[PDB]
Amino acid sequence: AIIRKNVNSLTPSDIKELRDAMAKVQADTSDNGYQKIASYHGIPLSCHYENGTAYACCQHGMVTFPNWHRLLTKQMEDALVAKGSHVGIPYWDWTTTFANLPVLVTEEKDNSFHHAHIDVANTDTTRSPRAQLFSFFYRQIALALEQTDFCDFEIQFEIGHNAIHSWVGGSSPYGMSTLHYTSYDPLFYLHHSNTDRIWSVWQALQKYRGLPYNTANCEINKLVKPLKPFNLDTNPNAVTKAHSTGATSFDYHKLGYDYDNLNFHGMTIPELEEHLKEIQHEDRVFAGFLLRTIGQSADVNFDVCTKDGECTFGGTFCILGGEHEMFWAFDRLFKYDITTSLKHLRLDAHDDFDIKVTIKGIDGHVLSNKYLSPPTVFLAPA
Ligand code: CUO
């Protein structure tokens, strides 16, 4: 089993072999090279509708998002191992406070992880970190981990992961914030290895809880359909092709890799479960959002306001998207805890108050409030 470890626990030899194996994968023009694998995600569009119209293959806004991306990260991993890496794609634990992106990707000189070229666009990838990036993520992820149903976890998990994409890429034209070019920035793989790790920590929690972790009773339909393009005969990877259905991608152990550990924030699995329980011993009020495709990436900010017009910051969540993305709409609410904002405005759950929403494109332009239905507010008692 190939090990994925914390980027900051990498030995200098680990780093060198990774940088080397990555340089070779990037130079490789075969179907197992970088440009080809990166294409599975956005552009060049590699999937087609029955009518010949193409769309980006990555599954977002749906329950199979973890599954689809678990296979894509594995596809890139196998290629690196094949070029000499003796270690798996390391994970960048972004739920842990950080004052800067990991060194692995920031060193400019002779670093294959600093950027990649985008053949189709004839440029290199771009990053333009937003100040918000530098905890918030711990909170967004802990709410996801608290869930005991796959579909409820998935939505919190996916929206939380979107934030890294948006705040790293920023307004840059070819970076992490575009559905089209994210997969080209090598940081995408450190981000997605961590994202796969978060799903793995959740599967261990469920196991610990005595609840289903390798199957899901919700959305039972989508989990049996194939994950394009991993199911195609043209997929040179026999492992990802063999586990190309949502149903077959739950068990990562069958994918040949493992993590150095599943200790979320220094806590063991049973400690984390005790911790999340403590959280539910408090009454909480939540804003709930119904999300669907808007054909682009957007950041949403909202304030909680007393009727008299006194407001306080409510929260922020991001949507990763772009032109030609496949249609998507979640079948449940995305929950955001606003207990604090209320307490601040000295509001009571039953007081009448407003939630003011502002949707903004990645460039900075305000998008119509028409894209999003008005949020719901509900109480979640101890
Ligand atoms: O998933 Cu397609 O991007 Cu993180």
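Numbering starts at 1 and runs along the chain as it is shown here.
Each residue, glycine too, has its Cβ placed from N, Cα and C.
Swiss-Prot has this to say about the protein:
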{"type": "DISULFID", "residues": "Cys47-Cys57", "note": "disulfide bond"}
{"type": "DISULFID", "residues": "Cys151-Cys218", "note": "disulfide bond"}
{"type": "DISULFID", "residues": "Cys305-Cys311", "note": "disulfide bond"}
{"type": "CARBOHYD", "residues": "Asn51", "note": "N-linked glycosylation site"}
Restricting to the same chain and to sequence separations of six or more, state which residues have a Cβ under 8 Å from that of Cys57 (disulfide bond).
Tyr40, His41, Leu45, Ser46, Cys47, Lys228, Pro229
Spatial reach required of the 8 unmodelled residues, as Cα distance in Å from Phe134 to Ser135:
9
Chain-internal residues near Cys151 (disulfide bond), provided their CB is under 8 angstroms and they sit 6+ positions away:
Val63, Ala216, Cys218, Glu219, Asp331, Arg332
Intrachain C-beta neighbours of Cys305 (disulfide bond), sequence separation six or more, cut-off 8 angstroms:
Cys311, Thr312, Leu345, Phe353, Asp354, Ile355, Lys356
Would you mind checking how many other C-beta atoms are within 10 angstroms of the C-beta on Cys218 (disulfide bond)?
15
